[PDB]
Amino acid sequence: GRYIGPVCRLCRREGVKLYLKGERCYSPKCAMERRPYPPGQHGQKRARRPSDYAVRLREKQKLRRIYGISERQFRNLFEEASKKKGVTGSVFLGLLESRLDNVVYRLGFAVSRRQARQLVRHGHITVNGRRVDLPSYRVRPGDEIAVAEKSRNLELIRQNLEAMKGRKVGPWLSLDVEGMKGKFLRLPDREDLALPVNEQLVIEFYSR
Amino acid sequence: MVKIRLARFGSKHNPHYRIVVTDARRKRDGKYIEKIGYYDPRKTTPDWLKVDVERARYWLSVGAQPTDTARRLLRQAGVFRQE
Amino acid sequence: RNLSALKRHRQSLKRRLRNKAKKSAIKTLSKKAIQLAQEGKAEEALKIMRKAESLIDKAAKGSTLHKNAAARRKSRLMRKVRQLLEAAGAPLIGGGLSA
Amino acid sequence: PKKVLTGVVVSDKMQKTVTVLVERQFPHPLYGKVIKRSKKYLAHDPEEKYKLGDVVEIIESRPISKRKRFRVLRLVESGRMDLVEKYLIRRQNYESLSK
RNA sequence: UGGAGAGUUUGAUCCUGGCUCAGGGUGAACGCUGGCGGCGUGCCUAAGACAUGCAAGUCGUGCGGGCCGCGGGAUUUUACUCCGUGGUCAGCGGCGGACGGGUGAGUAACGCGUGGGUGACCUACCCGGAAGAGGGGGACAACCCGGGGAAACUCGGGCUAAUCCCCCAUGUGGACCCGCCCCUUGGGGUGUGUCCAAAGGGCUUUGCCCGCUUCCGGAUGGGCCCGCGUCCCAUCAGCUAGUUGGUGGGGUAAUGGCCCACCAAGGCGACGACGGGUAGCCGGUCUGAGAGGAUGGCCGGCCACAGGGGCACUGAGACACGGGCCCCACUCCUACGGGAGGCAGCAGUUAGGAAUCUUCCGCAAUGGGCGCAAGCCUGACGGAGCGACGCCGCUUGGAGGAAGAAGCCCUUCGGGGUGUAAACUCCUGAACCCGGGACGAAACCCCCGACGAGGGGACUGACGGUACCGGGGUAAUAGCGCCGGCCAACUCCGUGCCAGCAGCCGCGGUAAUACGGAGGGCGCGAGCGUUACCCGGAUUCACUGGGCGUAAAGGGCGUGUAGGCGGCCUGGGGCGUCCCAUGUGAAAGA
Ligand SMILES: [Mg+2]
Ligand SMILES: [Mg+2]
Ligand SMILES: [Mg+2]
Ligand SMILES: [Mg+2]
Ligand SMILES: [Mg+2]
Ligand SMILES: [Mg+2]
């Protein structure tokens with residue numbers, strides 16, 4: 001099951017701060033502030049002109065590591081998008097973005113995808129009333145991703161729903177803050193996300 | 001003797017039958033002469049039962065005994081109901 | 001190690017017996033008819049052939065010879081008898097043939 | 001429909017029967033070229049009426065023999081000893097093809 | 001909506017050319033590792049051998065008995081006997097045992113695939129229609145009495161019923177000879193002549209039901225014929241006496257040298273006959289940009305086989321896996337004369353093998369067989385069990401947390417790394433405990449109605465006390481491969497052409513990013529590696545898509561056989577070729 005181990009640690013290695021640790025990876029350190037380089041004995045050593053493979057690799061790692069999903073699962077999603085009608089890279093970002101464990105986090109019910117996953121497994125989240133505990137669930141457009149009435153009380157739901165009192169929400173989403181529930185309006189366009197990752201190198205990574 | 005009767009499709013703990021005509025001597029999930037409906041015993045769909053009834057009447061007309069449960073379902077969509 | 005529908009073997013033997021029997025008599029009769037006809041014979045030739053006829057049909061009733069296996073034998077026999085008959089003289093006792 | 005083939009008579013050296021060579025041409029399954037291919041059929045001739053060099057139609061039939069399954073339907077044209085000759089050399093060619 | 005290339009011949013270059021890798025795939029096996037569940041799938045080898053249990057029956061509404069019971073009767077004497085009823089056993093008679101299940105040995109062939117023929121044919125049960133069922137006679141088991149055998153069993157004698165068997169009649173009709181008419185292979189029709197039917201049972205008993213006989217039809221299933229397609233070797237080139245055709249017979253449901261007598265001298269072959277090797281074929285599966293290559297496990301269709309080889313009987317169907325006969329091999333019983341037997345059904349045992357499961361629950365569901373029904377049978381099937389064998393889902397925590405603990409690795413001795421990683425603070429609560437708890441199942445059947453239509457009613461869950469719901473509630477598993485280039489990831493020790501690595505180029509001879517250990521890093525993650533096999537890259541058999549002066553490759557030269565190819569103009573035909581309709585192209589798969 002999914003990654004598990006040192007993390008704002010590729011808030012290093014991939015070269016760019018990935019948002020993985022949530023509230024800290026925001027505040028003098030996704031260690032990227034304190035150490036903007038690769039991990040281990042050789043981290044700050046003279047860089048090496050890397051291969052058009054090494055390049056393509058890294059990029060797909062990056063994207064995959066953001067959303068926390070595995071290579072097995074990732075690779076399939078992609079496969080599915082090539083056979084699908086339309087420009088392929090976007091579509092994939094689309095499907096990637098339509099995963100419950102991430103919509104929940106996009107609505108700020110949790111501060112981390114890692115944390116937002118645990119809310120889905122552990123019950124605390126619903127899809128149009130009915131309770132849903134698969135982080136991989138494909139939210140389609142028109143769905144309502146609510147908090148569990150029985151879970152509203154929890155210190156963590158409250159503290160987090162609270163910091164969203166002011167905050168803005170994605171163009172393809174909405175958010176009734178005091179009813180502790182939101183809405184997947186449509187699937188986002190490449191333009192709508194500002195992801196630190198050139199998608200066409202991913203396509204190209206899987207063409208050999 | 002030729003039969004109207006139920007062939008098991010679907011999967012495990014997911015029965016789904018196809019109401020088929022066939023020669024009686026063929027295995028159950030083997031080659032049928034004609035599909036004429038389907039049936040979901042768990043009614044997990046609003047449309048869990050359906051029957052081309054002009055065709056049912058056809059075969060009945062050329063002699064085809066239905067299983068007993070083939071005929072129950074045939075009735076529900078009034079294959080035998082007159083006037 | 002004892003399957004009581006070996007009853008089917010008992011029966012078969014009986015029908016074999018019954019069957020063999022009717023057959024044997026259709027031959028020894030048909031043979032006898034064509035013979036008398038290769039000799040120019042009114043009554044005696046057809047009389048037999050017409051006994052032979054019956055016997056065939058009779059055997060067709062059951063599982064013996066059923067069908068048109070029947071017919072075949074009637075055709076072959078009552079062709080032959082007639083042929084041989086004009087291959088000499090006499091045509092008489094009307095018996096079996098549409099003269 | 002009972003297949004009708006047309007070819008040439010290349011043998012009447014058999015009683016009530018003729019060997020009828022039938023050609024056929026087509027695209028080659030992989031290599032494009034139109035190739036020819038040919039076949040003798042033994043066709044039934046009850047009135048030994050056709051003979052050497054007749055071009056004849058040929059029809060699917062109820063089996064007459066082991067390997068007669070066609071009947072001579074009609075004459076198309078007489079003569080054609082060229083085609084017959086053409087055949088006959090190809091046959092006599094095989095003589096100095098041995099060891 | 002589709003196509004990537006790299007390493008390696010030289011001191012260097014270009015080219016040719018082979019090898020090798022990166023990707024997908026599998027009924028896999030093997031190493032280390034291993035938490036949960038769902039859906040799949042699991043003897044590829046010896047078509048070797050098999051212990052034990054189950055896998056095909058059912059019908060008393062076809063018939064007569066035996067054996068163990070109960071009840072009532074004839075007599076007022078208990079012997080003898082008539083009737084009724086319950087067990088239970090087989091027998092006779094019917095239907096089923098030709099389906100369902102297994103397996104791929106054989107088979108290069110009308111076996112399969114595809115499209116057609118059948119004027120050359122058959123089809124039990126089912127449906128529609130027409131017309132019938134009036135008399136008589138017989139036997140063989142059961143049962144009883146003998147005799148032979150050790151056993152399997154067997155031979156004789158006597159009695160008997162029926163939906164068992166025969167005779168005679170009635171002939172809606174149908175069969176055959178002959179003739180005539182239509183049609184055109186043996187299809188319809190028709191006239192004399194001959195020939196051929198039947199069975200009874202149950203009652204809610206004169207009016208129904210389950211059946212019976214003859215005929216024409218329908219439906220479904222199948223037989224035989226034909227065109228085209230169907231691997232390798234020409235270091236297999238000539239093959240053939242039922243052989244090719246004829247006439248006439250037999251045989252069959254039916255064509256045909258299928259078989260037989262007689263006549264004739266024919267048939268096949270470089271367009272590959274004959275011979276040898278290999279193989280069940282297809283829907284489809286995998287791979288590929290495609291063309292194509294490879295493949296035919298599972299599921300579905302057709303074939304063949306049932307220890308090896310013959311044969312027939314019964315029957316609508318068989319030349320029959322759990323029917324029969326004989327020969328061969330093999331195992332067992334044997335009183336040595338003789339018998340018995342056949343898991344390529346489900347389990348399971350053994351043997352070969354790198355490798356392939358439970359002697360499980362249920363007939364509750366679907367399907368099948370017999371029965372009027374109730375029901376009985378079904379290792380078909382529906383489920384559970386075992387394998388990470390495959391695919392999918394999910395857990396081993398979440399948020400805080402130092403200019404950063406300890407330990408371990410480097411160190412130009414300042415420091416750098418593991419590392420927010422742990423510690424520890426709050427949070428959630430896989431597992432586990434409690435409570436409740438399914439759908440899958442409404443029919444058949446009974447009651448109203450009319451045995452219809454329609455209405456009503458009841459019985460029935462193997463999976464299972466499972467899924468799912470509610471309540472409580474514990475921080476609670478991580479491994480494997482790799483870091484010389486191709487290919488993503490580097491440093492210290494150890495070791496010295498040793499020990500060892502290695503897919504290919506190639507690493508190791510005291511400073512090794514290539515060996516072995518460390519730390520660290522890269523990639524995947526309940527997996528990760530390895531070996532084998534397939535397509536790929538390989539335009540490296542080149543149709544798409546290659547070549548031959550010197551790289552592999554022009555025959556030593558002619559002559560010419562077959563074959564391939566063929567100038568200008570016109571015309572006919574319409575085989576090639578093109579277009580439109582229409583049929584076929586099953587379902588599953590994509
Ligand atoms: Mg060199
Ligand atoms: Mg061969
Ligand atoms: Mg190594
Ligand atoms: Mg190729
Ligand atoms: Mg030269
Ligand atoms: Mg020349």
# chains A, B, ... in the order shown; residues from 1 in each chain; ligands from 1
$ residues_around --residues "residue 10 in chain B" --least-positions-apart "2" --cutoff "12 Å" --atoms "only C-alpha atoms (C1' of nucleotides)" --output "list in words"
residues 7, 8, 12, 13, 14, 15, 16, 17, 18, 29, 38, 39, 40 and 41 of chain B; 39 and 588 of chain E
$ write_last_selection --atoms "N, CA, C and O atoms (P, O5', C5', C4', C3', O3' and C1' of nucleotides)" --output "PDB file, in the first residue's frame"
ATOM      1  N   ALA B   7     -30.679 -19.200 -19.385  1.00  0.00           N
ATOM      2  CA  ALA B   7     -29.220 -19.453 -19.403  1.00  0.00           C
ATOM      3  C   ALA B   7     -28.468 -18.535 -18.454  1.00  0.00           C
ATOM      4  O   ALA B   7     -28.657 -17.323 -18.487  1.00  0.00           O
ATOM      5  N   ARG B   8     -27.614 -19.100 -17.605  1.00  0.00           N
ATOM      6  CA  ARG B   8     -26.877 -18.268 -16.628  1.00  0.00           C
ATOM      7  C   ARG B   8     -25.684 -17.493 -17.257  1.00  0.00           C
ATOM      8  O   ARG B   8     -24.723 -18.075 -17.776  1.00  0.00           O
ATOM      9  N   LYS B  12     -20.205 -14.528 -10.142  1.00  0.00           N
ATOM     10  CA  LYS B  12     -20.452 -15.274  -8.913  1.00  0.00           C
ATOM     11  C   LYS B  12     -21.128 -14.424  -7.827  1.00  0.00           C
ATOM     12  O   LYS B  12     -20.580 -13.408  -7.388  1.00  0.00           O
ATOM     13  N   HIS B  13     -22.290 -14.886  -7.366  1.00  0.00           N
ATOM     14  CA  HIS B  13     -23.191 -14.110  -6.506  1.00  0.00           C
ATOM     15  C   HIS B  13     -23.773 -12.936  -7.291  1.00  0.00           C
ATOM     16  O   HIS B  13     -24.332 -12.006  -6.689  1.00  0.00           O
ATOM     17  N   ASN B  14     -23.658 -13.005  -8.624  1.00  0.00           N
ATOM     18  CA  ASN B  14     -24.283 -12.047  -9.525  1.00  0.00           C
ATOM     19  C   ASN B  14     -25.035 -12.784 -10.650  1.00  0.00           C
ATOM     20  O   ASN B  14     -24.716 -12.693 -11.839  1.00  0.00           O
ATOM     21  N   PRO B  15     -26.066 -13.524 -10.270  1.00  0.00           N
ATOM     22  CA  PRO B  15     -26.767 -14.230 -11.323  1.00  0.00           C
ATOM     23  C   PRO B  15     -27.400 -13.239 -12.285  1.00  0.00           C
ATOM     24  O   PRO B  15     -27.878 -12.177 -11.847  1.00  0.00           O
ATOM     25  N   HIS B  16     -27.358 -13.595 -13.572  1.00  0.00           N
ATOM     26  CA  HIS B  16     -28.054 -12.896 -14.657  1.00  0.00           C
ATOM     27  C   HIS B  16     -28.444 -13.911 -15.702  1.00  0.00           C
ATOM     28  O   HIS B  16     -27.600 -14.577 -16.260  1.00  0.00           O
ATOM     29  N   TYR B  17     -29.716 -14.035 -15.999  1.00  0.00           N
ATOM     30  CA  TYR B  17     -30.132 -15.074 -16.921  1.00  0.00           C
ATOM     31  C   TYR B  17     -30.506 -14.430 -18.257  1.00  0.00           C
ATOM     32  O   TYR B  17     -30.858 -13.259 -18.303  1.00  0.00           O
ATOM     33  N   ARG B  18     -30.381 -15.191 -19.338  1.00  0.00           N
ATOM     34  CA  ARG B  18     -30.922 -14.799 -20.642  1.00  0.00           C
ATOM     35  C   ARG B  18     -31.971 -15.783 -21.043  1.00  0.00           C
ATOM     36  O   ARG B  18     -31.681 -16.964 -21.158  1.00  0.00           O
ATOM     37  N   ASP B  29     -25.499 -23.389 -20.827  1.00  0.00           N
ATOM     38  CA  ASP B  29     -24.881 -22.157 -21.322  1.00  0.00           C
ATOM     39  C   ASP B  29     -24.360 -22.263 -22.758  1.00  0.00           C
ATOM     40  O   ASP B  29     -23.664 -21.359 -23.236  1.00  0.00           O
ATOM     41  N   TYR B  38     -34.194 -11.252 -20.904  1.00  0.00           N
ATOM     42  CA  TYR B  38     -33.211 -11.418 -19.840  1.00  0.00           C
ATOM     43  C   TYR B  38     -33.865 -11.157 -18.509  1.00  0.00           C
ATOM     44  O   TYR B  38     -34.992 -10.705 -18.463  1.00  0.00           O
ATOM     45  N   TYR B  39     -33.148 -11.417 -17.427  1.00  0.00           N
ATOM     46  CA  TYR B  39     -33.756 -11.391 -16.119  1.00  0.00           C
ATOM     47  C   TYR B  39     -32.708 -11.300 -15.011  1.00  0.00           C
ATOM     48  O   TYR B  39     -31.730 -12.032 -15.016  1.00  0.00           O
ATOM     49  N   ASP B  40     -32.921 -10.391 -14.071  1.00  0.00           N
ATOM     50  CA  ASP B  40     -32.017 -10.190 -12.951  1.00  0.00           C
ATOM     51  C   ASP B  40     -32.859 -10.446 -11.724  1.00  0.00           C
ATOM     52  O   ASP B  40     -33.696  -9.639 -11.360  1.00  0.00           O
ATOM     53  N   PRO B  41     -32.640 -11.592 -11.086  1.00  0.00           N
ATOM     54  CA  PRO B  41     -33.400 -12.047  -9.926  1.00  0.00           C
ATOM     55  C   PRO B  41     -33.253 -11.181  -8.685  1.00  0.00           C
ATOM     56  O   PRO B  41     -34.024 -11.341  -7.746  1.00  0.00           O
TER      57      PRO B  41
ATOM     58  P     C E  39     -16.422 -13.110  -5.088  1.00  0.00           P
ATOM     59  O5'   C E  39     -16.000 -13.155  -6.622  1.00  0.00           O
ATOM     60  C5'   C E  39     -16.590 -12.271  -7.588  1.00  0.00           C
ATOM     61  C4'   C E  39     -15.640 -12.055  -8.748  1.00  0.00           C
ATOM     62  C3'   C E  39     -15.199 -13.289  -9.520  1.00  0.00           C
ATOM     63  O3'   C E  39     -16.235 -13.704 -10.406  1.00  0.00           O
ATOM     64  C1'   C E  39     -13.371 -11.807  -9.208  1.00  0.00           C
ATOM     65  P     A E 588     -22.985 -11.680 -27.043  1.00  0.00           P
ATOM     66  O5'   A E 588     -21.739 -12.424 -26.400  1.00  0.00           O
ATOM     67  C5'   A E 588     -21.561 -12.493 -24.989  1.00  0.00           C
ATOM     68  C4'   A E 588     -20.416 -13.416 -24.705  1.00  0.00           C
ATOM     69  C3'   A E 588     -19.034 -12.792 -24.779  1.00  0.00           C
ATOM     70  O3'   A E 588     -18.787 -12.043 -23.620  1.00  0.00           O
ATOM     71  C1'   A E 588     -19.008 -14.797 -25.961  1.00  0.00           C
TER      72        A E 588
END
$ residues_near_ligand --ligand "ligand 4" --cutoff "12 Å" --atoms "only C-alpha atoms (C1' of nucleotides) and all ligand atoms" --output "PDB file with C-alpha atoms (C1' of nucleotides), in the first residue's frame"
ATOM      1  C1'   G E 288       2.653  -5.677 -34.120  1.00  0.00           C
ATOM      2  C1'   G E 290       0.247  -2.058 -40.186  1.00  0.00           C
ATOM      3  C1'   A E 291       0.902  -5.933 -43.463  1.00  0.00           C
ATOM      4  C1'   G E 292       2.172  -9.911 -40.823  1.00  0.00           C
ATOM      5  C1'   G E 293       4.193 -13.457 -37.127  1.00  0.00           C
ATOM      6  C1'   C E 535       5.421 -11.489 -31.038  1.00  0.00           C
ATOM      7  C1'   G E 536       8.544  -6.964 -30.910  1.00  0.00           C
ATOM      8  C1'   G E 537      12.531  -3.960 -31.984  1.00  0.00           C
ATOM      9  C1'   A E 538      14.771  -7.249 -37.000  1.00  0.00           C
ATOM     10  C1'   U E 539      12.998  -3.253 -43.961  1.00  0.00           C
ATOM     11  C1'   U E 540      17.771  -9.458 -40.501  1.00  0.00           C
ATOM     12  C1'   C E 541      12.902 -13.821 -46.060  1.00  0.00           C
ATOM     13  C1'   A E 542      12.051  -7.180 -47.582  1.00  0.00           C
ATOM     14  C1'   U E 544       3.612  -3.440 -47.637  1.00  0.00           C
ATOM     15  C1'   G E 545       9.546  -3.541 -47.411  1.00  0.00           C
ATOM     16  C1'   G E 546      15.949  -6.012 -49.363  1.00  0.00           C
TER      17        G E 546
END
$ residues_around --residues "residue 31 in chain B" --least-positions-apart "6" --cutoff "10 Å" --atoms "only C-alpha atoms (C1' of nucleotides)" --output "PyMOL selection string"
(chain B and resi 20-23) or (chain E and resi 300-301+586-587)
$ interface_residues --of "chain B" --to "chain E" --cutoff "8 Å" --atoms "only C-alpha atoms (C1' of nucleotides)" --output "PyMOL selection string"
chain B and resi 1-2+6-8+12-13+15+23+25-28+30-32+41-42+60-65+68-69+72+80-82
$ residues_around --residues "residue 59 in chain C" --least-positions-apart "5" --cutoff "10 Å" --atoms "only C-alpha atoms (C1' of nucleotides)" --output "PyMOL selection string"
(chain C and resi 19+22-23+26+54+64-67+70) or (chain E and resi 196)
$ write_last_selection --atoms "N, CA, C and O atoms (P, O5', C5', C4', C3', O3' and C1' of nucleotides)" --output "PDB file, in the first residue's frame"
ATOM      1  N   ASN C  19     -36.543 -60.241 -34.490  1.00  0.00           N
ATOM      2  CA  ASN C  19     -36.238 -59.532 -35.736  1.00  0.00           C
ATOM      3  C   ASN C  19     -35.666 -60.417 -36.800  1.00  0.00           C
ATOM      4  O   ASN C  19     -36.173 -60.458 -37.927  1.00  0.00           O
ATOM      5  N   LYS C  22     -38.397 -62.708 -38.616  1.00  0.00           N
ATOM      6  CA  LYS C  22     -39.311 -62.175 -39.655  1.00  0.00           C
ATOM      7  C   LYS C  22     -38.553 -62.003 -40.933  1.00  0.00           C
ATOM      8  O   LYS C  22     -39.049 -62.343 -42.001  1.00  0.00           O
ATOM      9  N   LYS C  23     -37.344 -61.465 -40.794  1.00  0.00           N
ATOM     10  CA  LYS C  23     -36.420 -61.303 -41.898  1.00  0.00           C
ATOM     11  C   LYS C  23     -36.215 -62.623 -42.643  1.00  0.00           C
ATOM     12  O   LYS C  23     -36.551 -62.720 -43.816  1.00  0.00           O
ATOM     13  N   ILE C  26     -38.890 -63.423 -44.949  1.00  0.00           N
ATOM     14  CA  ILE C  26     -39.096 -62.542 -46.078  1.00  0.00           C
ATOM     15  C   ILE C  26     -38.197 -62.991 -47.244  1.00  0.00           C
ATOM     16  O   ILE C  26     -38.617 -63.009 -48.393  1.00  0.00           O
ATOM     17  N   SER C  54     -47.136 -58.596 -47.999  1.00  0.00           N
ATOM     18  CA  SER C  54     -47.716 -58.492 -46.657  1.00  0.00           C
ATOM     19  C   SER C  54     -46.656 -58.565 -45.575  1.00  0.00           C
ATOM     20  O   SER C  54     -46.434 -57.618 -44.833  1.00  0.00           O
ATOM     21  N   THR C  64     -38.463 -53.496 -36.956  1.00  0.00           N
ATOM     22  CA  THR C  64     -37.739 -54.602 -37.548  1.00  0.00           C
ATOM     23  C   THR C  64     -36.976 -54.201 -38.776  1.00  0.00           C
ATOM     24  O   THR C  64     -35.880 -54.665 -39.028  1.00  0.00           O
ATOM     25  N   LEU C  65     -37.576 -53.324 -39.538  1.00  0.00           N
ATOM     26  CA  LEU C  65     -37.325 -53.264 -40.960  1.00  0.00           C
ATOM     27  C   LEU C  65     -37.992 -52.032 -41.422  1.00  0.00           C
ATOM     28  O   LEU C  65     -37.869 -51.624 -42.572  1.00  0.00           O
ATOM     29  N   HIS C  66     -38.779 -51.477 -40.510  1.00  0.00           N
ATOM     30  CA  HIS C  66     -39.345 -50.178 -40.665  1.00  0.00           C
ATOM     31  C   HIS C  66     -38.836 -49.472 -41.928  1.00  0.00           C
ATOM     32  O   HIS C  66     -37.603 -49.350 -42.183  1.00  0.00           O
ATOM     33  N   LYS C  67     -39.832 -49.088 -42.727  1.00  0.00           N
ATOM     34  CA  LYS C  67     -39.906 -47.756 -43.297  1.00  0.00           C
ATOM     35  C   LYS C  67     -40.294 -47.785 -44.741  1.00  0.00           C
ATOM     36  O   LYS C  67     -41.372 -47.346 -45.116  1.00  0.00           O
ATOM     37  N   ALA C  70     -38.580 -51.272 -46.187  1.00  0.00           N
ATOM     38  CA  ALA C  70     -39.784 -51.939 -46.645  1.00  0.00           C
ATOM     39  C   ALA C  70     -39.970 -51.808 -48.135  1.00  0.00           C
ATOM     40  O   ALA C  70     -39.646 -52.721 -48.886  1.00  0.00           O
TER      41      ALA C  70
ATOM     42  P     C E 196     -51.543 -57.121 -45.483  1.00  0.00           P
ATOM     43  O5'   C E 196     -50.980 -55.744 -44.920  1.00  0.00           O
ATOM     44  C5'   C E 196     -49.846 -55.728 -44.062  1.00  0.00           C
ATOM     45  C4'   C E 196     -49.725 -54.363 -43.455  1.00  0.00           C
ATOM     46  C3'   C E 196     -50.863 -53.951 -42.541  1.00  0.00           C
ATOM     47  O3'   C E 196     -50.639 -54.446 -41.236  1.00  0.00           O
ATOM     48  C1'   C E 196     -50.410 -52.192 -44.033  1.00  0.00           C
TER      49        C E 196
END
$ residues_near_ligand --ligand "ligand 5" --cutoff "9 Å" --atoms "only C-alpha atoms (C1' of nucleotides) and all ligand atoms" --output "ChimeraX atom specification"
/E:554-557
$ write_last_selection --atoms "N, CA and C atoms (P, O5', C5', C4', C3', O3' and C1' of nucleotides)" --output "PDB file, in the first residue's frame"
ATOM      1  P     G E 554      27.409 -15.931 -57.649  1.00  0.00           P
ATOM      2  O5'   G E 554      27.184 -14.506 -58.316  1.00  0.00           O
ATOM      3  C5'   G E 554      26.044 -14.246 -59.144  1.00  0.00           C
ATOM      4  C4'   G E 554      26.173 -14.964 -60.460  1.00  0.00           C
ATOM      5  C3'   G E 554      27.174 -14.396 -61.448  1.00  0.00           C
ATOM      6  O3'   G E 554      27.318 -15.224 -62.590  1.00  0.00           O
ATOM      7  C1'   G E 554      25.003 -13.860 -62.167  1.00  0.00           C
ATOM      8  P     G E 555      28.074 -16.635 -62.565  1.00  0.00           P
ATOM      9  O5'   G E 555      26.928 -17.666 -62.951  1.00  0.00           O
ATOM     10  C5'   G E 555      26.015 -18.198 -61.978  1.00  0.00           C
ATOM     11  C4'   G E 555      25.836 -19.661 -62.262  1.00  0.00           C
ATOM     12  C3'   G E 555      26.544 -20.119 -63.530  1.00  0.00           C
ATOM     13  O3'   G E 555      26.832 -21.502 -63.463  1.00  0.00           O
ATOM     14  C1'   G E 555      24.222 -20.245 -63.844  1.00  0.00           C
ATOM     15  P     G E 556      28.328 -22.019 -63.522  1.00  0.00           P
ATOM     16  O5'   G E 556      28.883 -21.377 -64.862  1.00  0.00           O
ATOM     17  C5'   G E 556      29.822 -20.304 -64.790  1.00  0.00           C
ATOM     18  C4'   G E 556      30.484 -20.182 -66.123  1.00  0.00           C
ATOM     19  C3'   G E 556      29.519 -19.995 -67.286  1.00  0.00           C
ATOM     20  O3'   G E 556      29.211 -18.623 -67.550  1.00  0.00           O
ATOM     21  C1'   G E 556      30.959 -21.798 -67.748  1.00  0.00           C
ATOM     22  P     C E 557      27.770 -18.185 -68.143  1.00  0.00           P
ATOM     23  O5'   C E 557      27.737 -18.753 -69.634  1.00  0.00           O
ATOM     24  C5'   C E 557      28.644 -18.207 -70.601  1.00  0.00           C
ATOM     25  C4'   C E 557      28.445 -18.767 -71.992  1.00  0.00           C
ATOM     26  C3'   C E 557      27.029 -18.876 -72.522  1.00  0.00           C
ATOM     27  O3'   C E 557      26.594 -17.577 -72.916  1.00  0.00           O
ATOM     28  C1'   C E 557      28.211 -20.831 -73.054  1.00  0.00           C
TER      29        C E 557
END
$ residues_near_ligand --ligand "ligand 1" --cutoff "12 Å" --atoms "only C-alpha atoms (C1' of nucleotides) and all ligand atoms" --output "PyMOL selection string"
chain E and resi 8-12+505
$ closest_atom_pairs --of "chain E" --to "chain D" --cutoff "6 Å" --atoms "only C-alpha atoms (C1' of nucleotides)" --output "JSON lines"
{"residue": "E:117", "atom": "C1'", "partner": "D:2", "partner_atom": "CA", "distance": 5.9}
{"residue": "E:245", "atom": "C1'", "partner": "D:14", "partner_atom": "CA", "distance": 5.7}
{"residue": "E:246", "atom": "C1'", "partner": "D:15", "partner_atom": "CA", "distance": 6.0}
{"residue": "E:255", "atom": "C1'", "partner": "D:63", "partner_atom": "CA", "distance": 5.6}
{"residue": "E:256", "atom": "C1'", "partner": "D:65", "partner_atom": "CA", "distance": 5.3}
{"residue": "E:271", "atom": "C1'", "partner": "D:37", "partner_atom": "CA", "distance": 5.6}
{"residue": "E:543", "atom": "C1'", "partner": "D:31", "partner_atom": "CA", "distance": 5.0}
$ residues_near_ligand --ligand "ligand 2" --cutoff "8 Å" --atoms "only C-alpha atoms (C1' of nucleotides) and all ligand atoms" --output "list in words"
residues 108, 276 and 277 of chain E
$ select_by_dssp --residues "chain D" --states "strand (DSSP E)" --output "PyMOL selection string"
chain D and resi 4-14+17-28+32-44+55-60+68-77
$ residues_near_ligand --ligand "ligand 3" --cutoff "12 Å" --atoms "only C-alpha atoms (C1' of nucleotides) and all ligand atoms" --output "PyMOL selection string"
chain E and resi 481-484+500-502+507+514-516
$ residues_around --residues "residue 173 in chain E" --least-positions-apart "5" --cutoff "9 Å" --atoms "only C-alpha atoms (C1' of nucleotides)" --output "PyMOL selection string"
chain E and resi 131+214-215
$ closest_atom_pairs --of "chain E" --to "ligand 6" --cutoff "12 Å" --atoms "only C-alpha atoms (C1' of nucleotides) and all ligand atoms" --output "Markdown table"
| residue | atom | partner | partner_atom_place_in_ligand_line | distance |
| --- | --- | --- | --- | --- |
| E:558 | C1' | ligand 6 | 1 (Mg) | 8.8 |
| E:559 | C1' | ligand 6 | 1 (Mg) | 7.0 |
| E:560 | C1' | ligand 6 | 1 (Mg) | 5.8 |
| E:561 | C1' | ligand 6 | 1 (Mg) | 10.9 |
